[PDB]
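Below you'll find the structure, written out as structure tokens, and then a few comments.
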Amino acid sequence: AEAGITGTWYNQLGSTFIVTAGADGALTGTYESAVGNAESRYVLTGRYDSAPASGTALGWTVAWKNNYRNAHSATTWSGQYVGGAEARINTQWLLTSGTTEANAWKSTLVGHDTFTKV
Amino acid sequence: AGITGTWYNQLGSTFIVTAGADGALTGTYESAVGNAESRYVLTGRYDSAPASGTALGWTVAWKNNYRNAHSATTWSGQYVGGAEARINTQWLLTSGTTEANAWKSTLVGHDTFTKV
Amino acid sequence: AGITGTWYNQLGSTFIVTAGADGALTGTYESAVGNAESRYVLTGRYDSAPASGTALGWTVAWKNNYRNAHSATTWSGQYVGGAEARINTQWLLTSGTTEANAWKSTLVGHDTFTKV
Amino acid sequence: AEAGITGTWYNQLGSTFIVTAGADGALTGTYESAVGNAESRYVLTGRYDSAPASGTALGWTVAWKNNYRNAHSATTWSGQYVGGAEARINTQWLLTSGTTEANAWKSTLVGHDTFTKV
Ligand SMILES: O=C(O)c1ccccc1/N=N/c1ccc(O)c2ccccc12
Ligand SMILES: O=C(O)c1ccccc1/N=N/c1ccc(O)c2ccccc12
Ligand SMILES: O=C(O)c1ccccc1/N=N/c1ccc(O)c2ccccc12
Ligand SMILES: O=C(O)c1ccccc1/N=N/c1ccc(O)c2ccccc12
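Line by line, the protein sequences give chains A, B, B' and A'. A prime marks a further copy of an entry chain.
Numbering (the authors' numbering) for the first sequence: 13 to 65, 69 to 133.
Numbering (the authors' numbering) for the second sequence: 15 to 65, 69 to 133.
Numbering (the authors' numbering) for the third sequence: 15 to 65, 69 to 133.
Numbering (the authors' numbering) for the fourth sequence: 13 to 65, 69 to 133.
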């Protein structure tokens, strides 16, 4: 929940996700990545189910552009928050890169990330 | 400017968005499926300084004042401007589930948005 | 019968398949992309006793007598027969990579096959 | 390789994959599933890179129909074989169910399976 989700998380790559869950279902924070043509932090925005039933559905987006670099790509993570002892966020993600129309067919990667809460 | 406006997917859903100078996407989404009749809030990000399509994404949690589906969809794609502007995406829809049903909680698909 | 035949995707690739009574799919795929000019073997499965589309899938490893891309694509979808028959799919393309590049080894997409 | 891939594997759900890798790049075997509207074994067919460079690219399909049941669906696994001490097959999969044209938009699931060799 609000409290549940809010905090600092890390994924299997060593990436850092700092998030605040608002009462209106908003997610806002920053993402600090370990891989790609990256550097420094990036702004994230998302939504979550503020009135869950076991898991809490959520998703967020990161556009890989900050004041220092631009990779012309964006990633969206879709998954669920599972509270308890070992609170975790289990996700599947899609990374799309800006391409020409000829290359569009191979513009999207798919993967999975597991986040653990500090 | 180009992204800002009203769009529609193949299902007939309506995506009304405002693109900020800074890279933010804000707006509302009115579904023609799953089961709705109502609008939902959406939030996202986009490359505000593109190179040729413009990368973007947004999320919608399927909960409003009237109903709660306990699910969320994320769209990831690119905006291709011109005379016949389009937003080409691939999406992931995840439902809240018990751990036993977790293996099959996510659906994958593709949507094409146009201004008509 | 219906599935057996010659099909084409949006890229112009050619899919020649034979559907067995038993559920097997066998054939050849000639790519119009990535970078080819040549054919590759394909193998798959299909529901040989459908209920309304017919579920199927097949894999192509991108290695023939001439080249080796060290990759493979799997297509998963459904055949929808009628006057204007189609095969609607979603695909995964995985390249062999070092463990360090493993996170980004798979591309996702969608293809539509028709008889024209 | 042929020898590398050939054998018995299990995934995180307790499913069993028995496979034989042919010299011509063919994969043939049987799959025995722990989840779904399933029972008994099902035939699998696939292809793999018979002349790899680190990982070996491969993929296979299962149509969920045997002499005992039919769920009118098929799954395709795409991934790589990584040899060594802890030989594993890392995959991403797509499961499509036969549906009417109205429901086609929500006909496909996406997930990930990790196979360990006995
Ligand atoms: O970092 C993660 O945890 C991460 C997790 C899941 C998917 C992608 C990720 N990272 N993606 C990038 C990070 C930094 C960059 O400069 C990039 C440049 C181009 C494309 C992707 C990236
Ligand atoms: O609407 C689209 O254009 C749409 C486009 C892509 C993916 C999903 C979509 N819609 N999904 C739902 C809409 C309304 C609901 O109440 C739901 C309840 C449970 C799961 C999904 C939905
Ligand atoms: O051809 C299609 O219709 C096609 C359709 C969907 C997905 C992939 C495809 N083709 N992919 C390749 C074709 C030829 C190659 O040498 C490759 C080398 C590396 C990676 C992919 C390919
Ligand atoms: O079993 C795995 O390891 C498995 C792993 C990945 C994806 C799917 C799986 N299993 N899928 C089914 C198994 C048995 C069934 O009767 C089904 C009926 C309908 C849809 C899926 C299945």
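All C-beta atoms in this analysis are idealised placements derived from N, C-alpha and C, irrespective of residue type, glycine included.
- At a cut-off of 8 Å between beta-carbon atoms, residue 113 (chain A') makes no contact with chain B.
- Note that the segment 93 to 100 of chain B' touches the segment 107 to 127 of chain A'; at least 3 beta-carbon pairs, one per stretch, sit closer than 8 Å.
- Using a 10 angstroms sphere on the CB of residue 58 (chain A'), the tally of other CB atoms reaches 16 or more, which defines it as buried.
- In this structure residue 126 (chain A') is in contact with residue 123 (chain B), their Cβ atoms being roughly 7 Å apart against a cut-off of 8 Å.
- Cβ-Cβ distances below 7 Å link residue 110 (chain A) to 88, 90, 123 and 124 in the same chain, with the five nearest sequence neighbours on each side left out; the list follows chain order.
- Contact between the segment 38 to 53 of chain B and the segment 78 to 86 of chain B is present, with at least three C-beta pairs closer than 8 Å.
- Cα atoms of residue 70 (chain A) and residue 29 (chain B): separation of roughly 27 Å, rounded to the nearest angstrom.
- Every residue whose Cβ sits closer than 6 Å to any heavy atom of ligand 4 is listed here in chain order: A':23, A':25, A':27, A':45, A':46, A':47, A':48, A':49, A':50, A':79, A':86, A':88, A':90, A':108, A':110, A':126 and A':128.
- Proximity of residue 87 (chain A') to chain A, defined by a Cβ-Cβ separation below 8 Å, is not satisfied.
- If you draw a 10 Å sphere on the C-beta of residue 56 (chain B'), you find 16 or more other C-beta atoms in it, and that means buried.
- If you look at residue 16 (chain A), you'll find it in the alpha helix (DSSP H) that goes 14 to 17.
- One alpha carbon belongs to residue 34 (chain A), the other to residue 43 (chain B), and they sit about 20 Å apart.
- Burial is judged here by how many other beta carbons sit within 10 angstroms of a residue's own beta carbon; residue 72 (chain A) has at least 16 and is buried.
- Using a cutoff of 7 Å, the CB of residue 84 (chain B) counts as near ligand 2, since one of the ligand's heavy atoms is closer than that.
- Relative to residue 78 (chain A), the option among B:102, B:64, B:104 and B:105 whose CA is nearest is B:64.
- Bounds of the beta strand (DSSP E) holding residue 107 (chain B') are 103 to 112.
- For residue 44 (chain B), none of the residues of chain A pass the 9 Å Cβ criterion, the least Cβ distance being about 16 Å.
- Nearest in C-alpha terms to residue 106 (chain B'), of all of B':21, B':22, B':40 and B':92, is B':92.
- Close partners of residue 121 (chain A) in chain B' (Cβ separation under 9 Å): 47, 48, 110, 124 and 126.
- Non-local beta-carbon contacts of residue 54 (chain B) in its own chain, meaning distances under 8 Å to residues more than five positions away in sequence, involve 42, 43, 44, 45, 77, 78, 79, 80 and 81 in chain order.
- In this structure, residue 115 (chain B') lies away from residue 22 (chain B'), with their beta-carbon atoms at least 8 Å apart.
- Beyond the five residues adjoining it in sequence on each side, residue 61 (chain A) comes within less than 6 Å, by CB distance, of 71 and 72 in the same chain, given in chain order.
- Looking at A':129, A':113 and A':37, the one whose alpha-carbon comes closest to that of residue 13 (chain A') is A':37.
- Taking C-beta separations shorter than 6 Å and ignoring five residues to either side along the sequence, the partners of residue 27 (chain A) in its chain run 45 and 46, following chain order.
- Spanning the alpha carbons of residue 40 (chain B') and residue 108 (chain A) requires a straight line of approximately 32 Å.
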